[PDB]
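To start, the structure itself, in structure tokens.
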Amino acid sequence: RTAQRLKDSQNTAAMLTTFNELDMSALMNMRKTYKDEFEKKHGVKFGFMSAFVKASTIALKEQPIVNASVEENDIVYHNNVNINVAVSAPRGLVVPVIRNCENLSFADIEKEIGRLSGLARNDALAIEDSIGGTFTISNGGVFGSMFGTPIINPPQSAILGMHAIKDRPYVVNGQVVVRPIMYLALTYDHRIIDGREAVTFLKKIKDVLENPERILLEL
Amino acid sequence: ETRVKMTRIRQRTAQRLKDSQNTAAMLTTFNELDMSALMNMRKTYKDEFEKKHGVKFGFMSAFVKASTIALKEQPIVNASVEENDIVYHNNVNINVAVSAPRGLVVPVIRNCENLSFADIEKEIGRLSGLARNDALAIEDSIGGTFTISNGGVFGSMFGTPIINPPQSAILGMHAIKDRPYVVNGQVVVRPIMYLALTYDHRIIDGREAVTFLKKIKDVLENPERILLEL
Amino acid sequence: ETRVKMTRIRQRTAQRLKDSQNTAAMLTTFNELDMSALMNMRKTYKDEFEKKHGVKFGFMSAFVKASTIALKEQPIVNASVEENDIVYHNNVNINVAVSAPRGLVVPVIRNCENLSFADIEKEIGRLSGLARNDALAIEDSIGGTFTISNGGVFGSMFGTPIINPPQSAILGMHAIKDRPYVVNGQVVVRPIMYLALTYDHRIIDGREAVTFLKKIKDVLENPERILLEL
């Protein structure tokens, strides 16, 4: 059933992928500085998922069509922002749905991720818990993928592909320096989303990431 | 030499300031703040901000956000004393000192707990535009629970502000100046800002005020702390 | 919105603070202190002191000794002002502020004029243990002649504290931080403590207070000066 559903997703949506680079330095710097304080304040670790969720929600507020889903003959825009997150389990990858992420703060996102992961490992996740998403953030970098072409979760139209951070040569002020970089993937449906929407979406995502102050400034 | 009978408006002002002195145990604590990071991000992103929302990125919004967070950590300071009691306010309302055809006037910004930086600037601009036009309704100055004052626009190093009744605390802003400061154990030229906090000691002890101000200073020293509600 | 009837005890406290405000001419002077010498001495001999007297070497004892010496140099400040009379105290009875489960409690240390640093630390630990157990008698808070407050444990740069009545002056301590400071004509990183002295101007002029606090500063800059009584 899973394989046939993935094949149907392949046949239905015009899946294609674009890519961007990301100097992840600033966010991991602030995380390394404040992780102890954050964990002591909210009783939960400071991972990486929450920042990407916040950036995706913001940029999807900037991109109503990407939040929307394509159906039989219509586009169903969403007043809500729901994101599926890929997490490993004793039965492999499972995608719980995070709901109303437009209002969740970093600590709340971490709490949601922790409780849903605890449900996943214990296999106490209801099937309805994986229903309702409008977008998906996959993280292949937990195993060490350089970059790839992830498959969208239908009926959604776009997905983010995380990848392993590694120190690479990079240009800062015209100087070759050692920079920890993550490569990003964006598989999306071209039937309703042209290339320009996807590239602007992902570029805005990137800009948000390298400067976390931009979330503070909603820029 | 010459005599000038004062206006009854200023008589009311002086009398209510004296009432403030007689009612609340007026005292002040102080702190220093290296504003460097905040002005760096402001100078870098002000063009983007003003092109995004049509309003220039000033400085008031950062203080408003810091005060809202710290008051959320300090329910007593947001509250006020009314002759036998404390009325804790479930909402955050801040009076802001802004110049006018008369000068300092204090409009009230309401529900700042939810208000974001760009919208803070929009609210400030709207009320201060009412200020220039002198189209400020009197009730616009009614409803505040705390006051943020700016003496630094004129260049005070630090002073002692007076709380607006019936509030129990006020913050006094002061001019940014390049002063010697210690960074990683080295003397460096750092633009520093002096912060004064005048409050009532009848209900707020020194510990609450100092924790309030220290938390505000830490919050402002790193906007990422706002980003992480730390 | 939400109301809480104030406890009669804390209303009594607020009213006593208001009485102290009205009765005494409240004003504050300030001096700066390079704690480096005492800090180095403590950092060197704290293990020896703790092993010898079974109690760590805090900071309080040095301030207590300095205050007792300076009060002996200043017969008026230790005295208390009453209805119509100066009550000159032959004995030095300092008061210390310590945090409590009930807020802030201020015990009284008596005849500190003869206490040695080890004995001062012993008394401090004894009364702190009483406070933790909440086994502090009410009479333990009476009999004072002067008071020392510690706002620096919570991180105040400097500020104005309020004297406990009927005392005429108090010292306000503040957080030690590394600031630029001129030493032998060179700007160097120095651990500096800001000192505030709130006093009554009705019987104490500016000169007595400033000489008192400057003398304390000089004494604390070189702890050997106590040994030399200079």
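Protein chains in written order, with PDB author numbering: chain I, 12 to 230; chain D, 1 to 230; chain F, 1 to 230. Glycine is no exception: its CB is placed at the ideal position from the N, C-alpha and C atoms.
Minimum Cβ-Cβ distance from residue i to chain I less than 8 Å
| i | result |
| --- | --- |
| D:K214 | no |
| D:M41 | yes |
| D:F117 | yes |
| D:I69 | no |
| D:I120 | no |
| D:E229 | yes |
DSSP-derived helix/strand/coil call for residue i
| i | result |
| --- | --- |
| D:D119 | helix |
| D:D134 | coil |
| I:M39 | helix |
| D:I76 | helix |
| I:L213 | helix |
| D:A25 | coil |
| F:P223 | coil |
| I:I142 | coil |
| D:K52 | helix |
| F:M60 | helix |
| F:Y88 | coil |
| D:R102 | coil |
| F:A175 | coil |
| F:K5 | strand |
| D:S128 | helix |
| F:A169 | strand |
| F:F158 | strand |
| F:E113 | coil |
Alpha-carbon to alpha-carbon, residue j and residue i
| i | j | result |
| --- | --- | --- |
| I:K72 | D:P223 | 23 Å |
| F:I162 | I:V183 | 55 Å |
| D:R225 | I:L230 | 18 Å |
| F:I9 | D:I203 | 12 Å |
| D:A66 | F:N40 | 37 Å |
| D:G152 | D:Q74 | 26 Å |
| F:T2 | D:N93 | 15 Å |
| D:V64 | D:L127 | 15 Å |
| F:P107 | F:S61 | 15 Å |
| F:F158 | I:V219 | 39 Å |
| I:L136 | I:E123 | 13 Å |
| D:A131 | I:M26 | 56 Å |
| F:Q11 | D:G143 | 26 Å |
| D:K215 | F:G155 | 10 Å |
| I:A196 | I:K217 | 11 Å |
| D:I109 | D:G58 | 16 Å |
| F:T23 | D:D205 | 20 Å |
Minimum Cβ-Cβ distance from residue i to chain F less than 8 Å
| i | result |
| --- | --- |
| D:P180 | yes |
| D:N222 | no |
| D:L27 | yes |
| D:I86 | yes |
| D:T211 | yes |
Distance cut-off 7 Å: residue i Cβ against heavy atoms of the ligand GDP
| i | result |
| --- | --- |
| F:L220 | As presented, the structure is devoid of all ligands, the ligand GDP included, so that no description of it is given. |
Closer than 8 Å to chain D by CB, residue i
| i | result |
| --- | --- |
| I:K52 | yes |
| F:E73 | no |
| F:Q21 | yes |
| F:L17 | yes |
| I:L33 | no |
| I:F59 | no |
| F:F30 | no |
| F:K46 | no |
| F:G159 | yes |
| F:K217 | no |
| I:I204 | no |
| F:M173 | no |
| F:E82 | no |
| F:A14 | yes |
| F:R3 | yes |
| I:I226 | yes |
Positions along the segment 136 to 155 of chain F whose CB lies within less than 8 Å of some CB in chain D: Within the segment 136 to 155 of chain F, the qualifying residues are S149, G151, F154, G155.
Segment contact, 8 Å Cβ cut-off, at least three pairs: the segment 173 to 192 of chain I with the segment 31 to 47 of chain I: Contact between the segment 173 to 192 of chain I and the segment 31 to 47 of chain I is present: three or more C-beta pairs spanning the two stretches fall below 8 Å.
Would you be able to state if there are at least three C-beta pairs under 8 Å between the segment 75 to 82 of chain I and the segment 98 to 108 of chain I? no
Do the segment 208 to 228 of chain D and the segment 91 to 98 of chain I touch if we need at least three Cβ pairs shorter than 8 Å? Touching, no, given that fewer than three Cβ pairs across the two stretches are closer than 8 Å.
Are the segment 109 to 128 of chain F and the segment 150 to 167 of chain F touching by the rule of at least three beta carbon pairs closer than 8 Å? Too few Cβ pairs lie closer than 8 Å, so no.
Per the contact definition of three or more C-beta pairs closer than 8 Å, is the segment 167 to 176 of chain F in contact with the segment 138 to 156 of chain F? yes
Which residues of the segment 92 to 117 of chain F have a Cβ closer than 8 Å to any Cβ of chain D? Give them in chain order. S99, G103, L104
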